[PDB]
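S.K.: Please see the structure below; I have some questions.
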Amino acid sequence: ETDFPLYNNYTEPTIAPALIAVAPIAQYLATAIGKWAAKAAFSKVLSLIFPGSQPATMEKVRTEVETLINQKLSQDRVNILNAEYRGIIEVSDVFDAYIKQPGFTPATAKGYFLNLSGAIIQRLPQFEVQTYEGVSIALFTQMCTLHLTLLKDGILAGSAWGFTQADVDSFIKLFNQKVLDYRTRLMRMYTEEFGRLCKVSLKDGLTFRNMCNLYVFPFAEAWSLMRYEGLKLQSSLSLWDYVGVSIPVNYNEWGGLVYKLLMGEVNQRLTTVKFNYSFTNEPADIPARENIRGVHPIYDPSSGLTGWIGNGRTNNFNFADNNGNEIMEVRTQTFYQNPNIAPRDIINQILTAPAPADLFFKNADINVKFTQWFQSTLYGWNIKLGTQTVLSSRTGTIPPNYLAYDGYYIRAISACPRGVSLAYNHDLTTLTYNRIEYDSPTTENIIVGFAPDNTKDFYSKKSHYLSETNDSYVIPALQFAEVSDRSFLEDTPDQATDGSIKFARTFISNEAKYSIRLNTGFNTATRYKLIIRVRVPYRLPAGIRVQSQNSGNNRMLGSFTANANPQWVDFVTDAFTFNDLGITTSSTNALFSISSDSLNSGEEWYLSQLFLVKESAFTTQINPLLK
Amino acid sequence: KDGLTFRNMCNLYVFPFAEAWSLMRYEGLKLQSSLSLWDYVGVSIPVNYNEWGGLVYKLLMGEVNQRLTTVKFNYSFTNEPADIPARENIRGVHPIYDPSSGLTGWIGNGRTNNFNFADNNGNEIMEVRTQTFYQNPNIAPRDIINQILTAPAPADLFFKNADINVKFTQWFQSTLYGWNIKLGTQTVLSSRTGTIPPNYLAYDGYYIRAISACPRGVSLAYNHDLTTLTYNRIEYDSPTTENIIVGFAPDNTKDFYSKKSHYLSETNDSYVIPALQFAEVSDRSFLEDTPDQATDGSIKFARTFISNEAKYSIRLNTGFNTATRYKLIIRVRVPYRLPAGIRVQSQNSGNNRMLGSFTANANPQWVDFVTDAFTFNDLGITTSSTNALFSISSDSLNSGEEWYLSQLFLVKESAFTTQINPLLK
Amino acid sequence: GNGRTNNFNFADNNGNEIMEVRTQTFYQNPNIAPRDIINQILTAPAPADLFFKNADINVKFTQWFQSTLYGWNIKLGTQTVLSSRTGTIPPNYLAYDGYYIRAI
């Protein structure tokens, strides 16, 4: 309807991810996870969520979310939410003001604390109305963040706020319960809305997921990291731009095929991308048209795991790779003659685009133009990756569509199979060995994945480099060196990572290795600890084992008993030094291994991430075993 | 075909004796041959020696540590213009070993039509028959069939014999073909071009382990450096093959391809383990044809990242003494020096124990490394251990470097003695 | 219209004119139904009395996602030229007392 430029499918430019309304909240949250300032963090959180006792920041958050997900709220609902905001604001102001008086009465502080916690618990369900959950899931996320913070301060400042030891233990129990209940409710709302939107179109589900990756899931990871003091809050989720027609995708089909095709080789850099382009202007009575028949991303050139998503065929002569040379383009030109000329072209070609000299694309300009003709939809495409014009439209000028995000870079380019059943090869599409491809006559869509800049070192050096200055390191499970067979990719966005590893191998063993390197100036005498995040639904009689392997100098770091638990659990090893592992500034084959024995039919266990933190900077503040 | 016949002869009259020579300096090891005999039925195809150990042998072996579970043929029959006699073509062979890996692919082609419809609608296309009728005033229906024949492994997991044969026919300096295929007791294909005499492919003391083909009419000089043991796709496109190759393995290897592990007994005094009978192998590994080792090959490690590792699964039978002392012998060829050396390790449910570390010096010949004595109680392995593993490992290499592993020897300390020193040259 | 039956450009060579082409397709789903594609030439000569007197030609329509499918029934005099493979189609007696079929 308009020929104006687009910005990530939107009519006006979008807000940078570091400039959103929830950014200072997340920044101080990470600062506090690093080092928690007792009996003082709740005031800062309250000043950042309700600045000057005003709900204006929450209205800004609501407006930004409404703009992103294309869902507005009725004025009555807005009035109800503001009423609840002011109700919380009154009690919060009372409690925050009473504490800053030097020499206050602790019993009155205890009363105010109880009133505030009760008021928050009471007004929480107002944001969980599913009819509007898609919009309120962000607003909900902040509220629990205001509450989970409070309780923690209450657990730390005990007799200072008039709490007895039984009060502290009851608060610890309440925290250990709420940190799981809030996550369960948040994930309930997320999965409901995501499945509902994907059943309509994949693009809308991807947009909702991109919104939750910024306003929701980092805070859930922060919740999961609040019981400690010293770990690093870091998000490695990717933003997915979808350009093309609408395709309905089931939720069983998302985490069974579509996400796997979107990720490809999860620990490899994109090196080549190939498109199957088709143009035809047969009978001039019908306008020109263009088709995208298939996308082929190539990461590791010597592995051959990823295959055609769509089809790479250009003709029916069964000649596409013989005579040594692969076919590239076929153009057929037809000439007619009427006594009372107009050559017709039919082109089927393979467009190739390699990775630039700096190994990564930063932006893109992909767009599609629709046309109606006797209740029939014709397409035209425009493709440009970085500075290389891959395809200009032969059907007329098409407005641009700048796909870019400040602080992100293009990591993957894939598509979605259109017009075929997406219910097959679920149990076959593993991480390795098996072929990652799906046949379909056309796709008519392109999906681009932007990864944050903090993951740019791994996809360039294939290893995790350690520095002396940093105090905490987070390693996602997908950034490995090699993984065993019968392993799957599980979408766990609540972990603030691009996924987790599901081991389900009934032979040999299940193992995952990670490459570690040391920078010049790294102290090898400093003591460190390892933290492993795993979910063990079925009992493992051999347990999980964390081992250090360095040029045959294998050393056992930890062995943990695996008991059945339908939730995430953290295992903490004993302290160690890098001189005990025999790793120096010249070690190039250092490896950390997480291993377990073979499983039984129907069993599997999940691995999310790893935390490496100095012994001095790590302390457990809230015990998890006291339920 | 003639090269394969010569190789089958040397596998019986030559190479076992060379292995015996290589094992004469000791006293206690086991002389055992695991070479396979290859029956080739079809037309003649010239193959270079660089192309044999670079593509053809790799396509003939397939998954070297997996049992054959399915075999699919692409059959074509046509009697177009009755002036020309009937003819039959073998357009492609597809062997399927591990159903959940997907490593092996079509050798030839699995296409049946040009409508690009072979896997849509949920169901894979199986057969296409076109029947043509004519009319002359002065009837004879013509058939054109393109189908996919499927044959799974029998109830006893292995075929013992076969009856594959081909019949040639000349017609105006043009060669027409007819085929007959039977695997075990299952008639896969009877010839529609007339009766063809049988051709009993069988060997007393051997069983069918692999069924493959050779690409005909295409250059065999590509994808040499890509066709590895794992990860990469093991396939080669060609319009026709017109040949079938069957590999018979000796009966002594029947336990491994059925139990996927090496079972140990108390009665035997020596055990030999070929390198190809592993549980898992690292990437960037290749198959090297070393028939002088009396095995179906050796492993070439050439990985410039992480590490090069090969693991073997070991199980113990009831009545095995765990207090008896044993030794390990590793046969390797190390052309380029390895500063980290080779390492033999024992991994049993996290009870990892280091068995040996050997300095790797450059040597263009085969060398044996002997570990110190050990007992199975030191490794923590019992009659119930199901995840016992022996690992041979080395660090990453440089560009152009590689090292070879042939076999392993497990013999009791009492029954092993070095009689002729190899270091005294 | 057109008398073509295939795209192999083979309709009158080898002395004999092509009459019928039937292609049968077989599929396989692990979780059979042969498909037929027939293109043929139906021939009907004039009867012994040189003229047809009546006929029974009819067509049946079917709707499927705003797409019209057809089925036909053809009978000239007493010779059944074509019975419908898409289901039974009611008759349509084309005849006039005092007239005879002259052109088709």
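Convention: chains lettered A, B, ... in structure tokens order; per-chain residue numbering from 1; ligands numbered from 1 as shown.
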Any idea what's packed within 8 Å of residue B:79, counting only C-alpha atoms, ignoring anything in its chain fewer than 3 positions away? Could you give it as a ChimeraX atom specification?
M.R.: /B:82,84-87,142-144
S.K.: Selection from above, N, CA, C and O atoms, as a short mmCIF file (atom, residue, chain, number, x, y, z; two decimals), in the first residue's frame, can you write it?
M.R.:
data_model
loop_
_atom_site.label_atom_id
_atom_site.label_comp_id
_atom_site.auth_asym_id
_atom_site.auth_seq_id
_atom_site.Cartn_x
_atom_site.Cartn_y
_atom_site.Cartn_z
N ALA B 82 9.79 -53.17 -30.63
CA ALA B 82 10.01 -54.62 -30.69
C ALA B 82 11.09 -55.04 -31.69
O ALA B 82 11.57 -56.17 -31.58
N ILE B 84 13.94 -53.95 -31.49
CA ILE B 84 15.08 -54.03 -30.57
C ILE B 84 14.69 -54.95 -29.42
O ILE B 84 13.62 -54.75 -28.82
N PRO B 85 15.50 -55.95 -29.08
CA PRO B 85 15.13 -56.88 -28.01
C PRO B 85 14.99 -56.19 -26.67
O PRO B 85 15.41 -55.04 -26.47
N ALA B 86 14.39 -56.91 -25.72
CA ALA B 86 14.22 -56.39 -24.38
C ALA B 86 15.57 -56.20 -23.69
O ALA B 86 16.57 -56.83 -24.05
N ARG B 87 15.60 -55.32 -22.70
CA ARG B 87 16.83 -54.99 -21.99
C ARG B 87 16.51 -54.63 -20.55
O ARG B 87 15.40 -54.20 -20.23
N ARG B 142 3.59 -52.51 -25.02
CA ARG B 142 4.97 -52.30 -24.62
C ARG B 142 5.00 -51.80 -23.18
O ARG B 142 4.20 -50.94 -22.79
N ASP B 143 5.92 -52.33 -22.38
CA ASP B 143 6.04 -51.99 -20.97
C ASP B 143 7.35 -51.26 -20.72
O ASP B 143 8.39 -51.61 -21.30
N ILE B 144 7.30 -50.25 -19.86
CA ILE B 144 8.49 -49.54 -19.39
C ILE B 144 8.36 -49.42 -17.88
O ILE B 144 7.48 -48.70 -17.38
#
S.K.: Just the strand (DSSP E) stuff from stretch 67-307 of chain A, please, per backbone DSSP, written as a count of residues only.
M.R.: 29
S.K.: Would you list the contacts of residue A:132 as JSON, numbers by chain, taking every protein, DNA or RNA residue within 10 Å and counting only C-alpha atoms, but skipping same-chain residues closer than 4 positions in sequence?
M.R.: {"A": [71, 72, 73, 74, 77, 127, 128, 136, 137, 189, 193]}
S.K.: For the residues in that selection, give me N, CA and C atoms as a PDB file, in the first residue's frame.
M.R.:
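This is the output file part.pdb:
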ATOM      1  N   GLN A  71      -0.128  -5.717  19.201  1.00  0.00           N
ATOM      2  CA  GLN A  71      -1.311  -6.019  20.003  1.00  0.00           C
ATOM      3  C   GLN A  71      -1.546  -4.866  20.966  1.00  0.00           C
ATOM      4  N   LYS A  72      -2.683  -4.191  20.829  1.00  0.00           N
ATOM      5  CA  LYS A  72      -3.014  -3.067  21.692  1.00  0.00           C
ATOM      6  C   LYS A  72      -3.852  -3.526  22.884  1.00  0.00           C
ATOM      7  N   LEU A  73      -3.913  -2.671  23.903  1.00  0.00           N
ATOM      8  CA  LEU A  73      -4.663  -2.943  25.122  1.00  0.00           C
ATOM      9  C   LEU A  73      -5.834  -1.977  25.250  1.00  0.00           C
ATOM     10  N   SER A  74      -6.959  -2.483  25.748  1.00  0.00           N
ATOM     11  CA  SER A  74      -8.133  -1.643  25.942  1.00  0.00           C
ATOM     12  C   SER A  74      -7.893  -0.648  27.071  1.00  0.00           C
ATOM     13  N   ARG A  77      -8.447  -1.932  30.643  1.00  0.00           N
ATOM     14  CA  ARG A  77      -7.357  -2.748  31.158  1.00  0.00           C
ATOM     15  C   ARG A  77      -6.187  -1.875  31.592  1.00  0.00           C
ATOM     16  N   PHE A 127      -2.040  -9.631  36.165  1.00  0.00           N
ATOM     17  CA  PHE A 127      -1.315  -9.590  34.906  1.00  0.00           C
ATOM     18  C   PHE A 127      -1.286 -10.935  34.196  1.00  0.00           C
ATOM     19  N   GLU A 128      -1.888 -11.969  34.781  1.00  0.00           N
ATOM     20  CA  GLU A 128      -1.856 -13.315  34.225  1.00  0.00           C
ATOM     21  C   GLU A 128      -3.146 -13.686  33.503  1.00  0.00           C
ATOM     22  N   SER A 136       1.023  -8.792  28.520  1.00  0.00           N
ATOM     23  CA  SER A 136       1.309  -8.592  29.935  1.00  0.00           C
ATOM     24  C   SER A 136       2.498  -9.399  30.426  1.00  0.00           C
ATOM     25  N   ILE A 137       2.966 -10.365  29.635  1.00  0.00           N
ATOM     26  CA  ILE A 137       4.062 -11.227  30.059  1.00  0.00           C
ATOM     27  C   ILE A 137       5.296 -10.408  30.409  1.00  0.00           C
ATOM     28  N   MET A 189       2.691 -18.776  30.169  1.00  0.00           N
ATOM     29  CA  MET A 189       2.197 -17.705  29.306  1.00  0.00           C
ATOM     30  C   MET A 189       2.960 -17.665  27.985  1.00  0.00           C
ATOM     31  N   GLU A 193       1.110 -18.367  24.284  1.00  0.00           N
ATOM     32  CA  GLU A 193       1.039 -17.347  23.242  1.00  0.00           C
ATOM     33  C   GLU A 193       1.862 -17.740  22.020  1.00  0.00           C
TER      34      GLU A 193
END
S.K.: Compute the set of chain B residues within 8 Å of chain C, using only C-alpha atoms, and express it as a list in words.
M.R.: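 Residues of chain B within 8 Å of chain C, counting only C-alpha atoms: residues 122, 123, 124, 125, 126, 127, 128, 129, 130, 131, 132, 133, 134, 135, 136 and 137 of chain B.
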S.K.: Give me, as a list in words, all polymer residues having an atom no more than 8 Å from residue B:266, counting only C-alpha atoms and skipping those fewer than 2 positions away in the same chain.
M.R.: residues 264, 268, 269, 317, 319, 320 and 321 of chain B
S.K.: Deliver the residues from the most recent selection as a file, using N, CA, C and O atoms, as a PDB file, in the first residue's frame.
M.R.:
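Wrote selection_37.pdb, looks like this:
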ATOM      1  N   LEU B 264      35.282 -61.246  25.928  1.00  0.00           N
ATOM      2  CA  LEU B 264      36.494 -61.940  26.335  1.00  0.00           C
ATOM      3  C   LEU B 264      36.137 -63.225  27.067  1.00  0.00           C
ATOM      4  O   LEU B 264      35.158 -63.272  27.819  1.00  0.00           O
ATOM      5  N   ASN B 268      40.697 -68.694  26.046  1.00  0.00           N
ATOM      6  CA  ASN B 268      41.651 -68.207  25.058  1.00  0.00           C
ATOM      7  C   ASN B 268      42.811 -67.481  25.733  1.00  0.00           C
ATOM      8  O   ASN B 268      42.663 -66.873  26.796  1.00  0.00           O
ATOM      9  N   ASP B 269      43.985 -67.559  25.099  1.00  0.00           N
ATOM     10  CA  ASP B 269      45.191 -66.931  25.620  1.00  0.00           C
ATOM     11  C   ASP B 269      45.598 -65.668  24.880  1.00  0.00           C
ATOM     12  O   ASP B 269      46.348 -64.862  25.440  1.00  0.00           O
ATOM     13  N   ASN B 317      32.920 -62.351  29.778  1.00  0.00           N
ATOM     14  CA  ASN B 317      32.032 -63.491  29.926  1.00  0.00           C
ATOM     15  C   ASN B 317      32.093 -64.026  31.357  1.00  0.00           C
ATOM     16  O   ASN B 317      33.014 -63.735  32.127  1.00  0.00           O
ATOM     17  N   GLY B 319      32.906 -66.439  34.229  1.00  0.00           N
ATOM     18  CA  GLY B 319      34.048 -67.308  34.411  1.00  0.00           C
ATOM     19  C   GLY B 319      35.384 -66.697  34.055  1.00  0.00           C
ATOM     20  O   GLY B 319      36.376 -67.428  33.973  1.00  0.00           O
ATOM     21  N   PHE B 320      35.440 -65.387  33.838  1.00  0.00           N
ATOM     22  CA  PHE B 320      36.681 -64.708  33.499  1.00  0.00           C
ATOM     23  C   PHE B 320      37.398 -64.298  34.777  1.00  0.00           C
ATOM     24  O   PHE B 320      36.817 -63.621  35.632  1.00  0.00           O
ATOM     25  N   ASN B 321      38.655 -64.710  34.908  1.00  0.00           N
ATOM     26  CA  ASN B 321      39.448 -64.355  36.078  1.00  0.00           C
ATOM     27  C   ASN B 321      39.928 -62.915  35.941  1.00  0.00           C
ATOM     28  O   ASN B 321      40.626 -62.573  34.980  1.00  0.00           O
TER      29      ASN B 321
END
S.K.: Rank nothing, just name the residue among B:148, B:20, B:153, B:37 nearest to residue B:68, using only C-alpha atoms.
M.R.: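 Checking each of B:148, B:20, B:153, B:37 against residue B:68, counting only C-alpha atoms, the winner is B:153.
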S.K.: Given a cut-off of 6 Å, which residues of chain B touch chain A, counting only C-alpha atoms, written out as an NGL selection string?
M.R.: :B and (101-102 or 114 or 231-232 or 306 or 387)
S.K.: Pull N, CA, C and O atoms from the residues just selected and write them as a PDB file, in the first residue's frame.
M.R.:
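So part12.pdb came out as:
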ATOM      1  N   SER B 101      21.791 -43.297  11.393  1.00  0.00           N
ATOM      2  CA  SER B 101      22.955 -42.460  11.141  1.00  0.00           C
ATOM      3  C   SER B 101      22.852 -41.711   9.817  1.00  0.00           C
ATOM      4  O   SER B 101      23.076 -40.499   9.770  1.00  0.00           O
ATOM      5  N   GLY B 102      22.515 -42.419   8.742  1.00  0.00           N
ATOM      6  CA  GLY B 102      22.396 -41.811   7.428  1.00  0.00           C
ATOM      7  C   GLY B 102      23.722 -41.489   6.774  1.00  0.00           C
ATOM      8  O   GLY B 102      23.853 -40.443   6.135  1.00  0.00           O
ATOM      9  N   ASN B 114      11.278 -37.959 -13.818  1.00  0.00           N
ATOM     10  CA  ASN B 114      11.746 -36.584 -13.940  1.00  0.00           C
ATOM     11  C   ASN B 114      10.714 -35.576 -13.448  1.00  0.00           C
ATOM     12  O   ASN B 114      10.865 -34.374 -13.694  1.00  0.00           O
ATOM     13  N   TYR B 231      30.604 -38.582   9.623  1.00  0.00           N
ATOM     14  CA  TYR B 231      30.085 -37.244   9.354  1.00  0.00           C
ATOM     15  C   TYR B 231      29.760 -37.027   7.879  1.00  0.00           C
ATOM     16  O   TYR B 231      28.600 -36.783   7.524  1.00  0.00           O
ATOM     17  N   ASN B 232      30.770 -37.103   7.018  1.00  0.00           N
ATOM     18  CA  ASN B 232      30.562 -36.816   5.609  1.00  0.00           C
ATOM     19  C   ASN B 232      29.700 -37.895   4.956  1.00  0.00           C
ATOM     20  O   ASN B 232      29.656 -39.046   5.402  1.00  0.00           O
ATOM     21  N   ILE B 306      41.190 -30.396  18.099  1.00  0.00           N
ATOM     22  CA  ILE B 306      40.766 -31.196  19.249  1.00  0.00           C
ATOM     23  C   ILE B 306      41.763 -32.322  19.500  1.00  0.00           C
ATOM     24  O   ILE B 306      42.786 -32.118  20.165  1.00  0.00           O
ATOM     25  N   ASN B 387      29.806 -50.665  29.848  1.00  0.00           N
ATOM     26  CA  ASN B 387      30.372 -49.491  29.196  1.00  0.00           C
ATOM     27  C   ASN B 387      31.889 -49.456  29.320  1.00  0.00           C
ATOM     28  O   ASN B 387      32.484 -48.383  29.423  1.00  0.00           O
TER      29      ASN B 387
END
S.K.: Give me the residues within 12 Å of residue C:45 as a CSV table (one decimal) with N, CA, C and O atoms, in the first residue's frame, counting only C-alpha atoms and dropping any in the same chain fewer than 2 places off.
M.R.:
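Output file part07.csv is given in full below:
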chain,number,residue,atom,x,y,z
C,42,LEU,N,-10.4,-43.1,-28.6
C,42,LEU,CA,-11.6,-44.0,-28.8
C,42,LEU,C,-12.1,-43.8,-30.2
C,42,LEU,O,-12.3,-42.7,-30.7
C,43,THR,N,-12.3,-44.9,-30.9
C,43,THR,CA,-12.7,-44.9,-32.3
C,43,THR,C,-14.1,-45.6,-32.4
C,43,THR,O,-14.4,-46.6,-31.7
C,47,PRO,N,-22.5,-47.5,-38.1
C,47,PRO,CA,-23.1,-48.9,-38.0
C,47,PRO,C,-23.3,-49.5,-39.3
C,47,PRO,O,-23.0,-48.9,-40.4
C,48,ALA,N,-23.9,-50.7,-39.4
C,48,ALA,CA,-24.2,-51.4,-40.6
C,48,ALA,C,-25.2,-50.7,-41.4
C,48,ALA,O,-25.2,-50.8,-42.7
C,49,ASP,N,-26.1,-50.0,-40.8
C,49,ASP,CA,-27.1,-49.2,-41.5
C,49,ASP,C,-26.7,-47.7,-41.7
C,49,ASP,O,-27.5,-46.9,-42.0
C,50,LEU,N,-25.4,-47.5,-41.7
C,50,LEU,CA,-24.8,-46.2,-42.2
C,50,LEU,C,-25.0,-45.0,-41.3
C,50,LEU,O,-24.4,-44.0,-41.4
C,51,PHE,N,-26.0,-45.1,-40.4
C,51,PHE,CA,-26.3,-43.9,-39.6
C,51,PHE,C,-26.7,-44.3,-38.1
C,51,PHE,O,-27.3,-45.3,-37.9
C,52,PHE,N,-26.3,-43.5,-37.2
C,52,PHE,CA,-26.8,-43.6,-35.8
C,52,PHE,C,-28.2,-42.9,-35.7
C,52,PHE,O,-28.4,-41.9,-36.3
C,76,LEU,N,-23.0,-44.1,-28.5
C,76,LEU,CA,-23.5,-43.8,-29.9
C,76,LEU,C,-24.3,-45.0,-30.4
C,76,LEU,O,-23.7,-46.1,-30.6
C,77,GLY,N,-25.6,-44.9,-30.5
C,77,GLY,CA,-26.4,-46.0,-30.9
C,77,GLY,C,-26.4,-47.1,-29.9
C,77,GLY,O,-27.0,-46.9,-28.7
C,78,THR,N,-25.9,-48.2,-30.2
C,78,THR,CA,-25.8,-49.4,-29.3
C,78,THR,C,-24.4,-49.7,-28.8
C,78,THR,O,-24.2,-50.7,-28.1
C,79,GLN,N,-23.5,-48.8,-29.2
C,79,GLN,CA,-22.0,-49.1,-28.9
C,79,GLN,C,-21.6,-48.2,-27.8
C,79,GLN,O,-21.6,-47.0,-27.9
C,81,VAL,N,-19.2,-46.3,-26.0
C,81,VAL,CA,-17.9,-45.8,-26.4
C,81,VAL,C,-17.1,-45.5,-25.1
C,81,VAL,O,-15.9,-45.8,-25.1
C,104,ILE,N,-21.1,-35.1,-36.0
C,104,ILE,CA,-20.6,-35.1,-34.6
C,104,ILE,C,-19.3,-34.2,-34.5
C,104,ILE,O,-18.3,-34.6,-35.2
S.K.: If we count only C-alpha atoms and set the cut-off at 9 Å, which residues sit around residue B:258, ignoring sequence neighbours fewer than 5 positions away in its own chain? Please answer as an mmCIF file with N, CA, C and O atoms, in the first residue's frame.
M.R.:
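Final output, out.cif:
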data_model
loop_
_atom_site.group_PDB
_atom_site.id
_atom_site.type_symbol
_atom_site.label_atom_id
_atom_site.label_comp_id
_atom_site.auth_asym_id
_atom_site.auth_seq_id
_atom_site.Cartn_x
_atom_site.Cartn_y
_atom_site.Cartn_z
ATOM 1 N N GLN B 66 29.511 -51.588 11.247
ATOM 2 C CA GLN B 66 28.065 -51.723 11.327
ATOM 3 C C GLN B 66 27.599 -52.861 10.435
ATOM 4 O O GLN B 66 28.193 -53.142 9.392
ATOM 5 N N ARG B 67 26.517 -53.505 10.859
ATOM 6 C CA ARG B 67 25.945 -54.638 10.148
ATOM 7 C C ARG B 67 25.010 -54.153 9.048
ATOM 8 O O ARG B 67 24.299 -53.159 9.217
ATOM 9 N N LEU B 157 20.151 -62.063 10.681
ATOM 10 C CA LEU B 157 20.971 -60.854 10.594
ATOM 11 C C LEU B 157 21.962 -60.846 9.433
ATOM 12 O O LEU B 157 22.522 -59.792 9.115
#
S.K.: Show me, as number ranges by chain, the residues that have an atom within 9 Å of stretch 205-220 of chain A when counting only C-alpha atoms, minus same-chain residues fewer than 5 positions from it.
M.R.: A: 17, 20, 22-23, 26, 29, 61, 65, 68-69, 134, 137-142, 145, 182-183, 186, 190, 193-200, 225, 233-235, 237-242, 493-496
